[PDB]
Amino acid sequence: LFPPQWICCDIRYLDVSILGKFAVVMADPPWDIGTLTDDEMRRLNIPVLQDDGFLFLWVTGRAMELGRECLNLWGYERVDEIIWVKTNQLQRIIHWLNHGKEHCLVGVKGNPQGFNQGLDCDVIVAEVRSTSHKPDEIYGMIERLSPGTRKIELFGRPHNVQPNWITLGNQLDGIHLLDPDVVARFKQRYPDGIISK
């Protein structure tokens, strides 16, 4: 309800309608460049997750183009693009070109009001950790942008769970929910506690 919450699930099959609405959605999808096909990505029920707010969508390779497609198909307009410059612990940067960075598209849906736009800049400089592990700095950027609001991360792993966030992913440990409105809708939809089909 404020502390971390998470749901181990297959995001293709979970009825995300039970989760409510979120000021921010973030996703680091397993783009097909265990992956999800382009059609599975397109079919993800992102539209039900927000009325007015921002989407943060990590992309690479041909997903730079596919992710723009999904973003637009889901009803967002891309209004920014964050660049994570990858460094070692000494602040040195780690087909045609060697890659020093990863991209995170920022889409907007509806009319978000009361966000603190322009506090951070669109470049992150942070140390590489485990593989596909994105920097923790993004959570602080997102918190300053939209303090105290509900947020949801898709395809997150255990190290991704944070306060004010609900994390979904198939490598999390069980189900841990504290928001009673979410707890009630989850029990109504999944009385026996299983998410298949």
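Residue positions are given as counts along the sequence shown, with the first one as 1.
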Subject >> Residues with no coordinates between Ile94 and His95, taken from the deposited sequence as a class >> reply: 4 to 9
Subject >> Count class of coordinate-free deposited residues lying between the neighbours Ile33 and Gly34 >> reply: 4 to 9
Original post:
Would 69-77 or 108-116 have the larger average of its C-alpha temperature factors, as given in the entry?
Top reply: 108-116
**OP:** Look up the CA B-factors in the entry and say which stretch, 185-193 or 12-20, has the higher mean.
**Re:** 185-193
Original post:
So among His133, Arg144, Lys151, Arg62, who wins on Cα B-factor in the entry?
Top reply: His133
Original post:
Sorting the chain's CA B-factors, does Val85 end up in the lowest, middle or highest third?
Top reply: middle
**OP:** Would you mind checking where the Cα B-factor of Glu102 ranks among the modelled residues of its chain, as the lowest, middle or highest third?
**Re:** middle
Original post:
According to the PDB entry, is the CA B factor of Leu57 in the bottom, middle or top third of its chain, that is, lowest, middle or highest?
Top reply: lowest
Subject >> Where the record places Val128 (Cα B-factor, split into thirds across the chain) >> reply: highest
